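As you go down the protein sequences, you meet chains A and B in turn.
Counted from 1, the first sequence has number 463 at position 227 by my numbering; the numbering is strictly sequential.
Counted from 1, the second sequence has number 764 at position 528 by my numbering; the numbering is strictly sequential.
There are 2 protein chains.
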Amino acid sequence: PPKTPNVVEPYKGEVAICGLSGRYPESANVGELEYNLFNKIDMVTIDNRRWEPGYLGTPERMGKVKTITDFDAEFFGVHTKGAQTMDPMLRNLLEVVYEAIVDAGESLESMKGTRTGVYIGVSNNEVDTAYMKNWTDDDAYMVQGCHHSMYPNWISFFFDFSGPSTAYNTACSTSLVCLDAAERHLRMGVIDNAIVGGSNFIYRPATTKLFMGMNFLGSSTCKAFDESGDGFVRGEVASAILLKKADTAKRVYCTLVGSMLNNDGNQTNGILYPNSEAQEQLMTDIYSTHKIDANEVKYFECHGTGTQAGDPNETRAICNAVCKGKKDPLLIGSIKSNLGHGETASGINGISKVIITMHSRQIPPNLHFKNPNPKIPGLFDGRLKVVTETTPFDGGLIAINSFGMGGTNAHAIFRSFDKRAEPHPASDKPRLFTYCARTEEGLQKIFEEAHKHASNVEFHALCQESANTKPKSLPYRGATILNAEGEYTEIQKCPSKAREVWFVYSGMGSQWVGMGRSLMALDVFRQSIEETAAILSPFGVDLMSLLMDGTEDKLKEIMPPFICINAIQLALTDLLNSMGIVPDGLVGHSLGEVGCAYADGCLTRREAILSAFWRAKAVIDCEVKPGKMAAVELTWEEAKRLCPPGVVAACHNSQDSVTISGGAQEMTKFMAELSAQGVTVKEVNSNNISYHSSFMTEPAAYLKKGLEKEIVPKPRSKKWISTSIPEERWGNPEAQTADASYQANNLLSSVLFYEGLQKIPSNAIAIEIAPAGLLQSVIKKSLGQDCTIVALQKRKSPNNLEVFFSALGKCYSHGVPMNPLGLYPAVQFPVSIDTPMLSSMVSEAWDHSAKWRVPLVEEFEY
Amino acid sequence: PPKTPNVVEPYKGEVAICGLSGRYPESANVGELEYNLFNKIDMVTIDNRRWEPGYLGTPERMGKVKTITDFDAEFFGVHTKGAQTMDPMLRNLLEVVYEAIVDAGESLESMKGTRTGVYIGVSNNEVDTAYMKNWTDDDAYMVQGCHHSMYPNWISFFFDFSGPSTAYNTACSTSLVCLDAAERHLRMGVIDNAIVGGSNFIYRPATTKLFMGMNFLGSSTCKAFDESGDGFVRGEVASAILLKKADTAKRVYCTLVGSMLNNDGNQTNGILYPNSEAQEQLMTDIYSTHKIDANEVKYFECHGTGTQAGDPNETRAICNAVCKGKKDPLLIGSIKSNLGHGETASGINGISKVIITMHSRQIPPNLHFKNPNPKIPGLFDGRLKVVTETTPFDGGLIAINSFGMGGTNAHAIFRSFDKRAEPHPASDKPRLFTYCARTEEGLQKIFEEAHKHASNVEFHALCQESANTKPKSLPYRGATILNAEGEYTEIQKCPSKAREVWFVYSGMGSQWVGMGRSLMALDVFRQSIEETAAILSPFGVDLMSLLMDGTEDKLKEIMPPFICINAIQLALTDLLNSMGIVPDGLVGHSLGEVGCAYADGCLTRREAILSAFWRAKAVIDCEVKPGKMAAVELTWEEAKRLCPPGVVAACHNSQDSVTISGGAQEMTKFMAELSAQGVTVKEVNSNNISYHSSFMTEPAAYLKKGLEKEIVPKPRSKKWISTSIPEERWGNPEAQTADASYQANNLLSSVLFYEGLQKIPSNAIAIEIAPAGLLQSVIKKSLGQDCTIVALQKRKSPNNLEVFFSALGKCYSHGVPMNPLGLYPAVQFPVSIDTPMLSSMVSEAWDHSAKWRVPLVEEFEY
């Protein structure tokens, strides 16, 4: 009952921005914003998305996002009634927050329960008036859907964050204020992560008219640093970022050196007038507290609203505080001239640009800068230089100013992260890319993007870090192969309920020339085979030669089949374990029980391979009489009654398959007699030996004598289902350890494969681990229709690695977690700064079939 | 041009709440709230202040403030257009912030330019809908009057604060979130003070209907901890507090041990459901981080909204985190049951109660607690106990919770300040209480309250700390006497322009019996007189005996007159300097020039007293033939010519009055001839001497010889206006130092009093410093009508201390800064916790003649 106090201690490490996502004017994702910025494309347009271009005399051009009517409600657990009475800003913010979380290499399960704080910045409350004009019952939910305090809380509620959730309104400087609050809470020890963000959507034209009444808005776009500047143009943003401790971040766009806030105070020019002195003091304080040399700043994202009275003061402060002592012009810019003014969200906009400038290593151009402002001496003195075209920002510090209406200035500094990517052993060999999404089209787009970056392993690691989300959240599970000779792609909708995984190990009959030869490409497979060969070498067996240069004649012998089959099974088990597949159940045929024991942990590699070798040695050394085994088409009881003398039913494979075996003469006459009555008695070439019959009475004991001194008794887990000891005898001691007695019993007693398969559920994923899918038909007939059956290898296939990857992709698509990157050396985190952005794919991979209510112009008039 | 960086370093000291003010339901000030709380008076009433009791089916009872239509716009520099388009919440918050600043012993000039941050908490935005329904031009000012971000910024703009100004919206718990932010900014070194506050007004009945739609509201009042509780009732608050560093605070209600915040995270009971586990974890974290023994809490201000699902969870957390190990029941309570639910401002309400509980040393009772809730176990096991009646809280820690909707919780701990008051040497003697206000009625109420606390000196010091505000801000200046035998009270409206203060020192003739006997009550006056007497003792003069036991026969001689008048002048100058009155100009009559020299700093106490003693000795040592002086009502040009040889004109008193001085025979004859013609030859006693004439040739030289070895030449400041050397010789060297030459010249040459008085402005406040008010008529006739004339003493008055205090009160009322408390030992800060609150006086002393626009119900329907 007592609760352990949380350790709240100061943090002295670095704070890194890991994820970024958002909706920007004429941009549905960060990638579109980057493309528009780097192509000198104006994101402010003239249309009637919100209202007619000129309604009530408002300015025609505006910065508007593509759509504000879509929201994946069922993903966030919001019923239709709540979603309808939900601000579009909050819905877009939730989607953007999830996209940013995914971008930083995190996932729903990883971010749940963490000490993360939300610091949303929102001020637009026009939705209240729109929805309250004709208020009726069932609109009560608005309290939890429209209130500005619920914007962060909802984010904390869905992601299960347990940190300070707050909504800020400082106007224009609000986003950097939220960043400062997040930094303050991070450095005191309250939280380890922050979800700093902000939103701003335009709904009310009368708000634009009221803004124009104060001369805030101009005629043309935001001509920042231009002599013709006379105002700004309203814009829309729904962006958010994720902050973390640099020692635990999996991706670091940059590092937050420090942020600071202040107020201009009292001035004789009015409350709505920037104070250059206060801004200069703020910048001096921030640059002196952190000992940052102001001459090292390479780029400066200014608060270039384009106003005549605003730009000169910002420029004067910059020159007096930052350009003092600089030996080269300081590159200044502002994103307002590109996508307009974001209002309360403006602070986030610049941050986004900074991340872009700190990810692509290029400074986006500034638009509408034709003639320098004569009131700006710096532009003529060489101290300042507006970036009118792409510039190669190599590295350093970037400073952002977000001065706000009313007089609350804010400054922040970011340090670049220089970890340029280096080659990986992978990125030139086939790889398995597994992911999940909400829609089939989104998953296909994600796979296309992954193929576009098939040569990047850091991107694959970032995708995999969030590729194990439960089917309940992301139902469309898919798998593909990058750098594949043959195109492969599987996508399927997986039910919320989780199915059971049942490893199935095959016995004899799966041998062939070239087994596992392709799989030698994988390092883990080759290492496992080499270890097995080294273990078996002291016994005069060269596994490497048999597996690589072995021929059909060699495989005809008794030992090489057992040795190679066991080695391949062990290698496949090692591969699966390295990937991280946990078998909920284990079953095996004859000679497959050793593999089941090895996988279950009751046996070891050396003990398993020695058990197989001892089985082969006992079979060969003993002069077991000319024997015969045959797969009759009789039922278990019917075969147990037709069995003549010197003939006993060995393997109950399927409900219509028996492996009746005995002496060669007795087996021959019984075969002809069964074919006389008429049944499909095919001969199973068992190296002319009758296993699991009375003829095994001598070898089995020998095997025991061979294995009594090697196999250390160990308990058998409930996962492993014995196929040699009847259920009625499971409770007895003999069925508790896989010692030499167990091996002798399974080599002697009949194989109850059907009985073991009966224990499998009706919708379990059974993975057939063997050199070839020998038991595919038997397992399919046994389990049923609702059970998925896969084979990790195909007989005489031209490329078994592709078959292995395809089977594993199918298994993942059916809803079994795995780590495809476990077959290669782990990627060192944080990843290189060259890794692409994962936010876009999630942004365009949403389920947006339904359309929700949006405020209408007619609701603002009355 | 370079700016000195501010030193931003961590703060490890204590944070203290200094000021508190606010408007609460059925309470216009903190005093009314305290009285109602301690008298078990329900603050929620039924009436049509906002809307009809039942309009739209909303609950009839509600918590509403007295008025929201009042605002002193001219005080805050807000024009009528801006004030009209200004939220009533913002106006009330500004007034409350000023009242809280005054309460903490601070003033406008003291708080200007400080590194203070504003952390306003506001969520209500219904005013926008009301004002935009019929929007027309001239309403653009709503950006700077209605936007939430302007709530703190305005406070920062008016008071000239240069710290982070922010507006928080965290639903309920917003006030505690702002307190946490203020603590974060205080401990990191950005700011030294904080203006944490919040407001919440109700305008829209449809909002109440919306809240009822979710079952938030109940039927009756908030029955916290009652089995019949089914909801809460909305309330209104506009309260704010001031925080400071404990080492600079002049008043400390309590100390902020620590505050913390967290979120309930994800739960299966819905987003709008309290999480007991999260609250318990928050309590454990806060009580473990600060090492505070949870068993030391005496009172617990709970978030007792009265809801069935809220109170049990909060109480469970409280008795699982705080009551564990307690040996006595923990006294729990909530202010919601008294004045309803404040919503966004709810937190501040609790803080207010805490301050009251931490000021009056009594816990206010909890209303409507009749039957304990069966679901709350702690009320039956003795762990908890709801305070149903006033309880004597002696001291310790008080914890406050502000759990809000969504799940964002907040906890804070306050430590009591135990500095019980001790007696002062004052509080039983008459004192001068000077103050300023916006209205005459407010100033009268302030004086009444001060008289009510006439026995408290800490309250007087707190009032004094803000009693020197410039007339431009507070025009009504007033002065009264506490512990006065005779009632005195002066109040006057002082123009914004500051007048010039001119000390005037009178000469001979002001002698009488008892001069300064009453003024001996003051310590400074007595010490000054004792110092002068000790200095003069080596020369065989007992100043003490003459001043106290002296008789008319004493003043019949020459030496005692000079000695006593000069000693009184020095004592009065010392008193004025101690009170902190800086004379902008100095002038004096004959024998008063020594006083002007002493007050100007060119002369010292010893040098002045010895100059006077030498003046008297030069006439009582060398033989001077008998002569006389008269007061002929001739002009200077008339008298100077009318007088025969020997008779001359001595002092130019005013535009028509001239002293004439000569030999006893020449005089008598010329005076008689004058008397023949219409002229008032009113003879004056001079001990048969004729000062400032040719007869004074011999003494003056002697005086020089006496003073050449004592008076060290020192420069004469421009403030001192010489009355012996005409303007034509002021630039000459002789008029540069008040050495023996100056004394001889002034004792010899004529006194140009009229010429010196001409230099005084037309509206200067002239203070006549002398044992008696002689030159009142002459000075009044000299300057004119627009100048203020005051005399510090009155001849043969029965109580000269009262006359002196009344003179100082008039001088202050006419606009001269002073420190009446400088006559007594300085009060040690912070003051004792028993000092009353100064916020109520300012709250009830506003200028509320005008009525401004308020949202109307009809504007919310359309």
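Quick reminder that beta carbons are idealized off the backbone N, C-alpha and C, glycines included.
Taking 9 Å as the cut-off, decide whether the C-beta atoms of residue i and residue j are in contact.
i	j	result
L453 (chain B)	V469 (chain B)	yes
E902 (chain A)	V883 (chain A)	yes
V251 (chain A)	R487 (chain A)	no
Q979 (chain A)	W850 (chain A)	yes
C414 (chain A)	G434 (chain A)	yes
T809 (chain B)	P1056 (chain B)	no
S475 (chain B)	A407 (chain B)	no
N556 (chain A)	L603 (chain A)	no
Could you have a look at residue i and say whether DSSP puts it in helix, strand or coil?
i	result
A844 (chain B)	helix
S392 (chain A)	helix
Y834 (chain B)	helix
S1085 (chain A)	coil
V469 (chain B)	coil
residue 186 (chain B)	The first residue shown for chain B is 237 and the last is 1098, placing residue 186 (chain B) beyond what the model contains.
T551 (chain A)	helix
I804 (chain B)	helix
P969 (chain A)	helix
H1050 (chain B)	coil
Answer with yes or no whether the minimum CB distance from residue i to chain C is below 9 Å.
i	result
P997 (chain A)	The chain labelled as chain C is not found among the protein chains of the depicted structure, namely A and B.
Got a sec? Which residues, its chain only, sit under 7 Å from residue i by beta carbon, not counting five neighbours each side?
i	result
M378 (chain B)	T321 and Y367
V868 (chain A)	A875, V894, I896, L910, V915 and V917
Please work out which residues of its chain come closer than 6 Å, Cβ to Cβ, to residue i, disregarding the five sequence neighbours upstream and downstream, and give them in chain order.
i	result
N531 (chain A)	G561 and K562
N585 (chain A)	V473, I571 and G578
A635 (chain A)	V533, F536 and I649
In terms of DSSP beta bridges, what is residue i paired with?
i	result
residue 1100 (chain B)	There is no way to answer for residue 1100 (chain B), as the model of chain B reaches only from 237 to 1098.
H647 (chain B)	B:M496 and B:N637
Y671 (chain A)	A:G714
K317 (chain B)	BP columns for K317 (chain B) are empty, so no partner.
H577 (chain B)	B:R470
Report all residues from its chain with a CB closer than 8 Å to the CB of residue i; omit the five preceding and five following residues, and keep chain order.
i	result
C490 (chain A)	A252, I253, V590, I591, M594, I634, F650, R651, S652 and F653
| request: Check whether the segment 539-550 of chain B touches the segment 605-618 of chain B, taking contact to mean three or more Cβ pairs, one atom from each stretch, closer than 8 Å. | output: A contact exists between the segment 539-550 of chain B and the segment 605-618 of chain B.
- Item | Inter-stretch contact at 8 Å, needing at least 3 Cβ pairs: the segment 274-289 of chain B / the segment 511-528 of chain B | No: fewer than three Cβ pairs fall under 8 Å.
Any contact of the segment 971-990 of chain A with the segment 819-835 of chain A, i.e. 3+ C-beta pairs under 8 Å?
In short, these stretches touch, since the Cβ pair count reaches three.
**Report entry** Meets three-Cβ-pair contact criterion under 8 Å: the segment 647-654 of chain B and the segment 1047-1065 of chain B
**Finding:** No, because fewer than three Cβ pairs between the segment 647-654 of chain B and the segment 1047-1065 of chain B fall closer than 8 Å, the two stretches do not touch.
At least 3 beta-carbon pairs within less than 8 Å: the segment 291-311 of chain B vs the segment 319-338 of chain B
Judged by Cβ distances under 8 Å, the segment 291-311 of chain B makes contact with the segment 319-338 of chain B, as three or more pairs qualify.
Touch check for the segment 1007-1020 of chain B and the segment 741-760 of chain B: three-plus C-beta pairs under 8 Å? A contact is defined here as three or more CB-CB pairs under 8 Å, and the segment 1007-1020 of chain B meets this definition with respect to the segment 741-760 of chain B.
- request: Determine, using beta-carbon pairs with one atom in the segment 799-808 of chain A and one in the segment 713-721 of chain A, whether at least three such pairs fall under 8 Å.
  value: Taking a contact to require three or more Cβ pairs closer than 8 Å, the segment 799-808 of chain A and the segment 713-721 of chain A do not qualify as touching.
Segment contact, 8 Å Cβ cut-off, at least three pairs: the segment 1041-1052 of chain B with the segment 701-713 of chain B | Segments in contact, yes.
- Query: Do the segment 350-359 of chain B and the segment 1072-1091 of chain B make contact, defined as three or more Cβ pairs closer than 8 Å?
  - Reply: The segment 1072-1091 of chain B and the segment 350-359 of chain B do not touch, with fewer than three beta-carbon pairs separated by less than 8 Å.
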